[PDB]
């Protein structure tokens, strides 16, 4: 009934605009986004929207965009986000663009308190964010207040300590100075290597109840399912890795986890609505497929990207060593000039 279907897609660092047709599929829109930004490791990603009832939802790529209850507005608003997380960033985020998108999203969740982080880890993470953004600490340029314009720490860390912004800056600067010589893209990777070991990293939590009506959390992540106490989302009460699951299923509100081990009982929980159980199961199927895929041989495409990454890295290392050595040749000629 509108004459246009204008669409905005916001990534962690760009705003894109499209204009689609009534029969445009999720996959078609998704493919236009990733082509625009130059992303190839697309498997981790999704397009998230707000439905007409205000719930964050993933666009289904196998359905028409207009058939999915996207909040009606001009333009339609999507967030391009990592939906699935690797088991190890160093092994599995091959390309620098992939690493940057993950870094920006994870850092958002740390800073907004979504992903719990202890204070000392938050300062260490902030130091790598700073090395990436500023490069090497340089006492001629980075004076007191060089970080004053930056959101660097989780709100919980700021609120629960007594330090002022200057004291926080000095703690982060100590670490910043330790990173001198570290390439910006390497500091991004070091950030992610720390963040991926946080207890809440890469976990989707769903509110559930047991048969007695006690509130619990279900987590879904790369490695399987977990049951948590209502009041602790850090440490699972019961873990259900893939290797221990025989079947997961649902029937309206009831979700059943059937174990491989014949001695162990079924785990049953209840969601508020069928739609939630469908969301859980879809996320479990996506995760388990990626789990299996990373244990099978690399596709030809993945091999290509890995060989391109090795060659580009090898080349940049060589050019960097050449420039350092030329700088020494210059500094030598500047000082044997004076004689």
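Rigid core: the largest C-alpha set superposing within 1.5 Å between the two forms. Residue numbers count along the first chain shown, from 1.
Novice: Please pick 115 to 123 or 159 to 167, whichever has its Cα atoms farther from the shown form in 6 other deposited structures of this protein after a rigid core fit.
Specialist: Between the two stretches, 159 to 167 moves farther in 6 other deposited structures of this protein.
Novice: What stretch shows more C-alpha movement in 6 other deposited structures of this protein relative to this form, 188 to 196 or 205 to 213, after the core is superposed?
Specialist: Between 188 to 196 and 205 to 213, the one lying farther away in 6 other deposited structures of this protein is 205 to 213.
Novice: With respect to the recorded C-alpha B factors, which stretch has the higher mean value, 36 to 44 or 66 to 74?
Specialist: Mean B over CA atoms: larger for 66 to 74.
Novice: Check the entry's C-alpha temperature factors for 142 to 150 and 194 to 202, then say which stretch has the higher mean.
Specialist: The recorded data point to 142 to 150.
Novice: Of 162, 246, 237, 83, which one's C-alpha B factor is largest in the deposited record?
Specialist: Among 162, 246, 237, 83, the PDB entry lists the largest C-alpha B-factor for 162.
Novice: At the C-alpha atoms, which of 222, 115, 157, 268 reaches the highest B-factor in this entry?
Specialist: Largest recorded C-alpha B-factor: 157.
Novice: Could you place residue 171 in the lowest, middle or highest third of its chain by Cα temperature factor, using the values in the record?
Specialist: Answer is highest: the recorded C-alpha B-factor places it there.
Novice: What third of the chain, by the recorded C-alpha B-factor, contains residue 96?
Specialist: According to the entry, residue 96 has a C-alpha B-factor in the chain's middle third.
Novice: If you rank the chain by CA B-factor, which third does residue 259 end up in: lowest, middle or highest?
Specialist: Ranked within chain, residue 259 CA B lands in the middle tercile.
Novice: Comparing against every modelled residue in the chain, figure out the third that the C-alpha B-factor of residue 106 lands in (lowest, middle or highest).
Specialist: Ranked within chain, residue 106 CA B lands in the lowest tercile.
Novice: When the modelled residues of the chain are sorted by Cα temperature factor, does residue 10 land in the lowest, middle or highest third?
Specialist: Middle third by C-alpha B-factor.
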